[PDB]
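All remarks here apply to the structure that follows.
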Amino acid sequence: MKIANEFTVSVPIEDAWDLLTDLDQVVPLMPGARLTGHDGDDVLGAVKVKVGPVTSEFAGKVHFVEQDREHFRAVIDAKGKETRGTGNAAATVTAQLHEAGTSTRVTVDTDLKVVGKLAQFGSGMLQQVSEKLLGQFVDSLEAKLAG
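Here it is, written out as structure tokens:
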């Protein structure tokens with residue numbers, strides 16, 4: 001399924017690129033996510049996803065497929081296995097940065113596959129979930145930049 005998001009960050013595009021190409025900075029800002037380690041250059045982490053009373057936690061790895069600085073575009077592959085029971089999630093996330101003067105506009109297009117309990121939520125629901133979670137990521141990221 002396809003999920004599409006957009007947000008703006010209060011730093012110029014060069015700064016935004018350095019922050020968003022740094023998974024050690026991005027992963028801890030994501031709601032429910034934690035960095036657990038590293039595997040080569042890749043980041044190991046886990047994310048607890050809560051939709052109403054349904055909770056799934058996925059543990060796995062985040063890896064850059066591509067970093068195109070000349071176009072300010074990055075492709076990230078994230079995969080995780082459910083920690084209880086049988087399930088897994090996999091995302092290919094394409095992030096594109098755009099100049100906005102003192103700020104930077106970020107478009108995020110995700111190809112998401114979910115297997116198991118969380119697959120009961122369709123793309124309309126998961127698009128709405130993604131918007132809520134992205135709002136928290138932006139809030140946490142702006143709180144960090146202020147400090």
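Residue numbering for the sequence shown follows the authors' numbering, beginning at 1 and increasing consecutively.
We treat Cβ as the ideally placed atom computed from N, Cα and C, and that holds for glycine.
Sorted by chain position, which residues of the same chain lie with C-beta nearer than 6 Å to residue i's C-beta, five sequence neighbours on each side aside?
i	result
residue 91	78, 110, 112
residue 9	16, 104
residue 73	96
residue 48	32, 57
For a test of the three-state rule: what should DSSP assign to residue i, helix, strand or coil?
i	result
residue 10	coil
residue 15	helix
residue 142	helix
residue 64	strand
residue 131	helix
Going by DSSP, name the residue or residues bridged to residue i.
i	result
residue 37	44
residue 57	48
residue 104	9, 99
residue 93	76, 110
residue 115	88
residue 82	58
Look at the Cβ atom of residue i, then the Cβ atom of residue j, and state whether they are nearer than 7 Å.
i	j	result
residue 13	residue 99	yes
residue 54	residue 65	no
residue 115	residue 87	yes
residue 44	residue 61	yes
residue 1	residue 123	yes
residue 102	residue 67	no
Could you work out which residue in the options is closest to residue i when comparing CA atoms only?
i	options	result
residue 38	85, 55, 51, 59	59
residue 50	5, 121, 1	121
residue 145	26, 132, 117	26
residue 4	93, 119, 143	93
residue 107	118, 131, 124	131
residue 85	20, 41, 118, 19	118
Are there any heavy atoms of the ligand PLP lying less than 6 Å away from the beta-carbon of residue i, as far as the coordinates show?
i	result
residue 130	No copy of the ligand PLP appears in this structure; indeed no ligand is present at all.
For residue i, which residues of its own chain have a beta-carbon under 7 Å away from its beta-carbon, when the five flanking residues on both sides are left out?
i	result
residue 128	none
residue 137	29, 30, 31
residue 24	35, 43
residue 134	5, 7
I'd like the list of long-range same chain contacts for residue i, defined as Cβ closer than 8 Å, with 5 residues on each side in sequence excluded.
i	result
residue 6	105, 106, 107, 108
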